[PDB]
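Trainee: show me the folded form of this:
(9 chains, ligands or ions: 6)
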Amino acid sequence: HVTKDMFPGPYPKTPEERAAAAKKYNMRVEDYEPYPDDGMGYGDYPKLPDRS
Amino acid sequence: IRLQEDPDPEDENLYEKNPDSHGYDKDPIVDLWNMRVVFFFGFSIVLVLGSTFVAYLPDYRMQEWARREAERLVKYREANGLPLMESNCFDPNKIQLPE
Amino acid sequence: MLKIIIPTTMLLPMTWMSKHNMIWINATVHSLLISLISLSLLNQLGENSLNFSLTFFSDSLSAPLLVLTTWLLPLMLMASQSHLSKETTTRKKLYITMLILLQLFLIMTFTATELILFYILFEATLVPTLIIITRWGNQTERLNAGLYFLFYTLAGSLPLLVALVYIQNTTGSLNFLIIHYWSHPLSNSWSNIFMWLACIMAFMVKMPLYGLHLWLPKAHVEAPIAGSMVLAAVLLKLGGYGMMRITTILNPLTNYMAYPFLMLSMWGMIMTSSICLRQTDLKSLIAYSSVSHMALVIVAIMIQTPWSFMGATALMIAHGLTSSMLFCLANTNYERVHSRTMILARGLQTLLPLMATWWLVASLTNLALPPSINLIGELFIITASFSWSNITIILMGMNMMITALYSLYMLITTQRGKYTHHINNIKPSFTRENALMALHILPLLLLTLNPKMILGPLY
Amino acid sequence: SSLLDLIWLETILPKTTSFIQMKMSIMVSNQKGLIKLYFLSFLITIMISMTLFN
Amino acid sequence: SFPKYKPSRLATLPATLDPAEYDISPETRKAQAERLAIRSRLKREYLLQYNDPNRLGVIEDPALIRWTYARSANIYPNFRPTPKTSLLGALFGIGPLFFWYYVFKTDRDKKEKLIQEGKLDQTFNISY
Amino acid sequence: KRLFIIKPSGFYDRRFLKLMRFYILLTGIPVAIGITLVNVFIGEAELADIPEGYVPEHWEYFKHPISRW
Amino acid sequence: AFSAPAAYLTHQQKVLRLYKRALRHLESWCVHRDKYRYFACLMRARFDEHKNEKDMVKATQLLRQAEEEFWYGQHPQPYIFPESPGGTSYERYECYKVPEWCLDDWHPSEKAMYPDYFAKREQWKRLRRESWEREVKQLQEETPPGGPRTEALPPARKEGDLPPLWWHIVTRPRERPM
Amino acid sequence: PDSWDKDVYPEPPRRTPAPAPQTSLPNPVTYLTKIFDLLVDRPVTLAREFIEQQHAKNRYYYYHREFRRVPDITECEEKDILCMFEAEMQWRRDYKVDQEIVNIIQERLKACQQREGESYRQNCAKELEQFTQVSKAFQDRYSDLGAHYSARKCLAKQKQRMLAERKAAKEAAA
Amino acid sequence: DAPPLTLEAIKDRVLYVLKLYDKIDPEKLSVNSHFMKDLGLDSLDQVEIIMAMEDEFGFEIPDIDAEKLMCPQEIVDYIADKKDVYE
Ligand SMILES: CCCCCCCCCCCCCCCCCC(=O)OC[C@H](COP(=O)([O-])OCC(O)COP(=O)([O-])OC[C@@H](COC(=O)CCCCCCCCCCCCCCCCC)OC(=O)CCCCCCCCCCCCCCCCC)OC(=O)CCCCCCCCCCCCCCCCC
Ligand SMILES: CCCCCCCCCCCCCCCCCC(=O)OC[C@H](COP(=O)([O-])OCC[N+](C)(C)C)OC(=O)CCCCCCCCCCCCCCCCC
Ligand SMILES: CCCCCCCCCCCCCCCCC[C@@H](O)O[C@H](CO[C@H](O)CCCCCCCCCCCCCCC)COP(=O)(O)OCC[N+](C)(C)C
Ligand SMILES: CCCCCCCC/C=C\CCCCCCCC(=O)O[C@H](COC(=O)CCCCCCC/C=C/CCCCCCCC)COP(=O)(O)OCCN
Ligand SMILES: CCCCCCCC/C=C\CCCCCCCC(=O)O[C@H](COC(=O)CCCCCCC/C=C/CCCCCCCC)COP(=O)(O)OCCN
Ligand SMILES: *P(=O)(O)OCC(C)(C)[C@H](O)C(=O)NCCC(=O)NCCSC(=O)CCCCCCCCCCCCC
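Mentor: Residues are numbered from 1 along each chain as shown, chains lettered A, B, ... in the order given. Ligands and ions are numbered 1, 2, ... in the order given. Structure data below:
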């Protein structure tokens, strides 16, 4: 039942897109942080802490 | 909505109507006979009969023939003092080398 | 071979004339009978082949492949009738027709005695497979997967057609016996290099060679269960059979041209195993395992020694059986939870014990556990590679370690741990699924009992 | 998995070939259907065939 | 005083030793409250579906769907050829192949040179 | 005080194993009995020199009775 | 485990958690009971020494230094109860925990082997089905418009109701199931 | 036992020393051997006597196939497919027989090693030289033909060996 | 193997430990007494009491749960619930 609007997208380049990405990933806008746009295909997926 | 589309149907469980089902068919009799023919033919016929047939296939690869021939060759060659393995596959007299 | 070919072409009208509820029963029973009849081809000779007629012949390399094809058809029927319950009668019969046509093409492919008839049939196998994938696959990506599969294979195989007709014009014949008896050395020239490339590249794409393999995960993941079973077990082996057959006319140029392909095969074997270690999808994991094993077979054919060919034949048969079984197990899990993600369904040992046993046995055969024919083939290839060079042992050992790692990782992830709490529809395993797994696994151990039947002509 | 299989092996053969074919298809099929334009093309073809073919 | 602890990537910093844990701002408290509210909302949704007596099947997880999609199908659309990507790809995809080619070529050349010179121990080497 | 042990259904696995055993032993047991009877009573052939002027058949070149058949 | 966590730990909660962890690690160092009693009393003496402290900045700095001291002096191999997360018997009986939904897929013969158990189970299933609507209504009546601000759940306010979202808590598998 | 040929598979005469006990204590090995002969050897011997009686009533014979020699690849003309086929089949059969001869010599070597035991390095010198000679000849014949070996390839290998030997002989006689 | 626990046994053991506590007067200690409202202990005393119970019954009470057990009856109910004791 996931809509096309609930999938990972491209790297966010505007604060509106960062806010939309944060809301999509159930995260605070302050906590949301993508991977750097180095063209590795991460997209707007969040960079969560590297713990286990 | 952009279409007049059917809702996604609920998954159908074969054990609800037929508790002692084999998973072959909705009909109990067809399901039972599908199980029976699969088990009988596959397991009994193919497995047992094909395994025993392959086990008792005639020795057409000539393993035992080659062993008996080798025993005869070894016996003859060691009786007469010849080398057991000949040094050349072919006859050098028949072979004609370039000058 | 007609005593096996005609009953398949009679499976066709029987399928279309049987009642609506007897199609699966009839198809399964008569497929089993045809498999039993094809078991008679294993009585081979030590000197030459079984030359049935001008058109068909059988060998120690063809016979196990034919037996595997004929045995795989009824298993595909069982899995298909699992997943095709709600279909209409006409579409069920069309699916069974595609399976029967694929089996007929494969039989004639393995028994064709001319390189051109072999080419025609081995290219004819594409249409039923493409139809099956792109029509009865579940997800959106079946269309792109079919495009990738079709165009990779055709780009590989068209220069093969050009090379085959060129060789027929040059030597007068494409008969395998004649080209074997009248073979001449291939001189080191650019023309010969490109002839070698045409042939070998066709079969390397079909194998697949590492770097020419993306179509394989695309198609094997997105195909229905019967499509996945036939793609991995049999269709990957057309490349090996063709490479073994066609390298008669490619010597001694194979000594110099095999370096890039050996390097690709060894390093990509390592790379695909490492990929398997970190796959979030179960079907993709099994597909990449298939790629690694076929890389090993490519190494065997390229080094091209009597010990390597026997290992290649054994590994091809063993991989066919093992990969088909793994695909069936994953498909049962998918039919439970309707998702291919590996971490979604856990604790399946405490929910379904006998399926846990089947998973254990399939994963124990996937890694080379002695004395299984998987290990026999892998070990013969490793020994031949050791005679070729002494660092191939380093690469081979690394590959074996990674293979054990990812096989047991898959087993532990799916079967062990604690069950997902919210998945409350894991019904007990069906007799049909249990019998499918048993019919996959028992022949493998019997082949362990009698191993000379799958070691090829070089035995 | 990512850099080689999903990215670079995909870019070299199938993605680049598909992109080139799509671009050439757009170039070929992007015509306004003007008889003046493609008859001038015919004239150029005729002159080239007369001169450069002997 | 006591020797200090140096965190690594594979031995991270404990929460009790994090300096930010003892410098709490009023905005930090509201950030914590907002995070807890998000968790509570998600937990309520999951628990309602979980305890539904009429639910049969798998509770679909959008987070899991997004994770699997981002890991495979969203990589190429978001890939650009950069200097870093090109260099890493060329290295990791070409360097090993040529390294192994050189190793095996040199080894086999030495082996064949010894064979030709007739000073390589090949006795009992029947199986090849 | 015995407590009820919640377990998954073993009926279906037990039934499959029972059917599989039955259908393997349906034909396997007669095959084993027949092989034993043939081996005990119709022994294996013994090697002999070909009598002069006599032309054998392939089954006469093979040893085991079942293989010859 | 049984209790819903809060947004943050208070200073008192942090101090008490440090006290318990320090006493446990001191016990791990001091194997014998008399030695442990002696040094545990000294540790409590230190905590009581700093017990009365109005300057919360100084209190937080004291807690930080105590945490650093603990991390330096902690036992590399502290004692863990067998059933605790680091313990040897942790999660051993998870493969024996089966759910009641797994129970209801039984064959009729299997269910016939336990006639009295399944009558009570049917009563429980009826009780579950008769209360779900009241449970969801109570949950949606008492929530704030913004949504749940915490993970706590209310009790049953009426004489005929049940605490909302109770089934899996009540019917969780036993700690020693098989 | 007349099952195999003692010339093909030789064994030295077995020298078993007579027992020379020096104690009054009973020999548990002797007692257990007597028990084994009473409980096991007698029933199995009776069973074999019954089976061999049943076999002798149904006596029948099988023969060893004899292949006559045919012209070889040296005599076959170029691209004469029939003679080439017969020569190739004959060469394949000879290859099989040579493989089995090497197997027989290896069996001799292994049996002698085990039989001699702690003095095998000296007592198995005769078998080691025979294996060395047989294996060297087999290797020189069929060493590096490849997966697609044939009588033509072996003939080319032998012609190359003959050319090398002729050149070496000329250089030595120079 | 080991005998099953009972509510009376758990109650007896918790009250036994509490009577062996020196800061609690055994005469005025009951199963409903509050550690701080009517026994006069503090948070550190409650921590030590919970640790004593952990040593008594051989399992651990997490800090999130242990901070709320302010009554011997509450401790008994917690332990019975965790050990699946209903009698
Ligand atoms: C002989 C058996 C077959 C063998 C085939 C081998 C090759 C032969 C080729 C030519 C065959 C003849 C022409 C048949 C046309 C049939 C059309 C049709 O309506 O079919 C359904 C029809 C029954 O359904 P219906 O009542 O008409 O209702 C139709 C509605 O559409 C029902 O409604 P619906 O909505 O449920 O149906 C929708 C369905 C309806 O769609 C269809 O029915 C279309 C079927 C395919 C179109 C025809 C293609 C012809 C071109 C050659 C390739 C054919 C391969 C597949 C053959 C299928 C045969 C049915 O369409 C789909 O589902 C779409 C699927 C799309 C993908 C699959 C379709 C393409 C497949 C072929 C491509 C692959 C070729 C690979 C290359 C190799 C080729 C050899 O089937 C038949 O009548 C069966 C025909 C054969 C009967 C038996 C004849 C022999 C009798 C006994 C002889 C004994 C001899 C002596 C023995 C000795 C002892 C005595
Ligand atoms: C109920 C259980 C027990 C019986 C099981 C069914 C039969 C089992 C196999 C046969 C038993 C013995 C019959 C002997 C017949 C020949 C007598 C004789 O003098 O032979 C001399 C000959 C001597 O060998 P020969 O090659 O020199 O013979 C010359 C040619 N003839 C036969 C014309 C003389 O021996 C045989 O013929 C041996 C035959 C062995 C058995 C052949 C395979 C079985 C065939 C039946 C189908 C498969 C049944 C498998 C078991 C059941 C499966 C469901
Ligand atoms: C409860 C269970 C516990 C576990 C028990 C199982 C584990 C034990 C396994 C070890 C015991 C093995 C028993 C061995 C008994 C001897 C029989 C065996 O040795 O014979 C084999 C015979 O081979 C078998 O038949 C293997 C057949 C291979 C399967 C054929 C295909 C079956 C159809 C299925 C199609 C699958 C196609 C797959 C691709 C080909 C090997 O050949 P051989 O011993 O010398 O034959 C003797 C007869 N001679 C003397 C006349 C020669
Ligand atoms: C040691 C080997 C000996 C084995 C001999 C086996 C011969 C066949 C015995 C098994 C056949 C099974 C059925 C036997 C008699 C049928 C019993 C019956 O009456 O039940 C039928 C069974 O019907 C079936 O299921 C059909 C299966 C029976 C026919 C299929 C067997 C035909 C196989 C022919 C074998 C010849 C092949 C030899 C040539 C080799 C070809 C490659 C009714 O069931 P349904 O039709 O499903 O009910 C629904 C109706 N409302
Ligand atoms: C021992 C292992 C060695 C592995 C193989 C040896 C190859 C050399 C090692 C790596 C060198 C470069 C290979 C490819 C790596 C790409 C570099 C990179 O990832 O960063 C690029 C920088 O690259 C460039 O854009 C410019 C191209 C060249 C710069 C990097 C290569 C310089 C290598 C130095 C040459 C060797 C120096 C010799 C010293 C003595 C050695 C004996 C982008 O920068 P960022 O945006 O910060 O992304 C990184 C995120 N943390
Ligand atoms: P109850 O609610 O009465 O608790 C009273 C508390 C403590 C909450 C007070 O009301 C309070 O907040 N007081 C002021 C804050 C305070 O107490 N600060 C000091 C706390 S830390 C302190 O100074 C003690 C640290 C000494 C012990 C350090 C432990 C390190 C040793 C570890 C060794 C492990 C192996 C031996």
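Trainee: what's near enough to touch residue C:82?
Mentor: B:23, C:225, C:331, C:335, C:430, C:432, C:433 (CB atoms under 8 Å, 6 or more residues apart in numbering or on different chains). Any C-beta I mention is one placed from the backbone N, CA and C, and that applies to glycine too.
Trainee: and of these, the nearest to chain H?
Mentor: residue C:225 (36.0 Å; CB to the nearest CB).
Trainee: ok, that closest one touching residue C:329?
Mentor: No. Assessed by CB atoms under 8 Å, residue C:225 is found out of contact with residue C:329, at 10.6 Å.
Trainee: got the residues of the stretch 151-300 of chain C near chain E?
Mentor: C:259, C:260, C:262, C:263, C:264, C:266, C:267, C:280, C:281, C:284 (CB under 8 Å from any CB of the partner chain).
Trainee: pull out the buried positions in whatever helix or strand the fourth one lives in.
Mentor: Okay, so that is residue C:263. Per DSSP states H and E: residue C:263 is located in helix C:259-277. Neighbour-count burial for helix C:259-277, counted by 16 or more other CB atoms under 10 Å in any protein chain shown, picks out C:261-276.
Trainee: close to chain C, is stretch H:65-83?
Mentor: Yes. Contact of stretch H:65-83 with chain C (CB under 8 Å from any CB) involves H:79, H:81.
Trainee: next, the distance between the ends of that stretch.
Mentor: Using CA to CA, to the nearest Å, the end-to-end distance of stretch H:65-83 comes to 22 Å.
Trainee: now it, how far from the centre of its chain.
Mentor: Taking CA atoms, centre = their mean, to the nearest Å, one finds stretch H:65-83 lying 27 Å from the centre of the chain it belongs to.
Trainee: does the residue nearest the centre of chain D belong to a helix or a strand, and which?
Mentor: The structure's chain D has its C-alpha centroid closest to residue D:24; by CA atoms, centre = their mean the separation is 2.7 Å. Counting by DSSP H and E, the element that carries residue D:24 is helix D:16-29.
Trainee: following that helix, which helix or strand comes up?
Mentor: According to DSSP H and E, the helix or strand after helix D:16-29 is helix D:35-52.
Trainee: give me the residues contacting that next one.
Mentor: Taking CB under 8 Å, 6+ apart as the rule, helix D:35-52 contacts residue D:31.
Trainee: show me what contacts the residue in chain I positioned nearest to ligand 6?
Mentor: Chain I approaches ligand 6 most closely through residue I:43 (2.5 Å), counting by CB to the nearest ligand atom. By CB under 8 Å, 6+ apart, the contact set of residue I:43 is G:12, G:16.
Trainee: how near is it to ligand 1?
Mentor: In this view, residue I:43 and ligand 1 are 75 Å apart by CB to the nearest ligand atom, to the nearest Å.
Trainee: how about that residue, phi and psi?
Mentor: phi -70, psi -40 (degrees, to the nearest 10).
Trainee: distance of the residue lying closest to residue C:406 once chain neighbours are set aside from residue C:319?
Mentor: Spatially, and ignoring its direct neighbours in sequence, residue C:406 is nearest to residue C:276 (4.1 Å; CB to CB, 6 or more residues apart in numbering or on different chains). From residue C:276 across to residue C:319, the span is 14 Å (CB to CB, to the nearest Å).
Trainee: please apply the same query to residue H:34.
Mentor: 56 Å.
Trainee: the more surrounded of the two?
Mentor: Set residue H:34 next to residue C:319 and count neighbours by other CB atoms under 10 Å in any protein chain shown: residue C:319 wins out with 28 against 11.
Trainee: next up, identify which helix or strand the more buried one is on.
Mentor: helix C:306-337.
Trainee: what is that helix packed up against?
Mentor: Contact analysis of helix C:306-337 by 3 or more CB pairs under 8 Å, 6 or more residues apart in numbering or on different chains; DSSP states H and E lists helix C:62-83, helix C:225-230, helix C:237-246, helix C:282-303, helix C:353-366, helix C:373-388, helix C:431-449 as its packing neighbours.
Trainee: show me what the second one is packed up against.
Mentor: For helix C:225-230, the contact count by 3+ CB pairs under 8 Å, 6+ apart identifies helix C:62-83, helix C:89-111, helix C:126-136, helix C:306-337 as packing neighbours.
Trainee: distance to residue C:454 for those - can I get that in TSV?
Mentor: Formatted as TSV, the helices and strands packed on helix C:225-230 follow (distance: least, CB to CB, whole Å):
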stretch	distance to residue C:454
helix C:62-83	5
helix C:89-111	14
helix C:126-136	25
helix C:306-337	5
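Trainee: for whichever residue of chain A sits closest to ligand 6, give me its contacts.
Mentor: Ligand 6 sits closest to residue A:51 of chain A, with a gap of 24.2 Å, by CB to the nearest ligand atom. Contacts of residue A:51 were listed using CB under 8 Å, 6+ apart, and they are residue E:12.
Trainee: SS state for it?
Mentor: coil (DSSP: H, G, I helix; E, B strand; the rest coil).
Trainee: helices of chain E, start to end?
Mentor: Assigned by DSSP state H, chain E shows helices spanning E:26-51, E:62-72, E:83-117.
Trainee: for residue A:38, which of those helices is the nearest?
Mentor: For these, distance to residue A:38 was read as CB to CB. The smallest value, 5.8 Å, belongs to helix E:83-117.
Trainee: just the angle between the closest one and helix C:373-388, please?
Mentor: 70 degrees (axes from the mean of the first three to the mean of the last three CA atoms, to 10 degrees).
Trainee: helices or strands next to helix E:83-117 in the packing?
Mentor: helix C:259-277.
Trainee: who are the packing partners of the helix it packs on?
Mentor: Looks like helix C:259-277 contacts helix C:282-303, helix C:392-415, helix E:83-117 (3+ CB pairs under 8 Å, 6+ apart).
Trainee: for the longest one, the distance to its chain's centre please.
Mentor: Between the centre of helix E:83-117 and the centre of its host chain there is 27 Å, according to CA atoms, centre = their mean.
Trainee: kindly report the same for stretch B:29-40.
Mentor: On CA atoms, centre = their mean, the centre of stretch B:29-40 falls 25 Å from the chain's centre.
Trainee: quickly find the element holding the residue nearest in space to the middle of chain H.
Mentor: The structure's chain H has its C-alpha centroid closest to residue H:104; by CA atoms, centre = their mean the separation is 1.2 Å. Following DSSP H and E, one finds residue H:104 within helix H:81-116.
Trainee: contacts for the helix or strand following that helix next, please.
Mentor: Under the assignment DSSP H and E, the closest C-terminal helix or strand after helix H:81-116 is helix H:120-123. Residues outside helix H:120-123 that contact it (CB under 8 Å, 6+ apart): H:112, H:113, H:116.
Trainee: ok, the last one - contacts?
Mentor: Same thing as residue H:116. H:123, H:124.
Trainee: just list the residues touching the residue in chain G that chain A sits nearest to, thanks.
Mentor: Closest approach between chain G and chain A, counting by CB to the nearest CB: residue G:147, at 12.4 Å. Counting by CB under 8 Å, 6+ apart, residue G:147 makes contact with E:37, E:40, E:41, E:44.
Trainee: which element is it on?
Mentor: Using DSSP H and E, no helix or strand contains residue G:147.
Trainee: give me phi/psi at it?
Mentor: phi 130, psi -180.
Trainee: roughly how far apart are it and residue C:76?
Mentor: 51 Å.
Trainee: wait, residue C:246 sits on residue C:203?
Mentor: Yes. Using CB under 8 Å, residue C:246 makes contact with residue C:203 at a distance of 7.1 Å.
Trainee: out of these two, which sits in the more crowded spot?
Mentor: Counted by other CB under 10 Å, residue C:246 and residue C:203 do not tie: residue C:203 has more neighbours, with 26 against 22.
Trainee: wasn't residue C:344 part of a helix?
Mentor: No. According to three-state DSSP, residue C:344 belongs to no helix; its state is coil.
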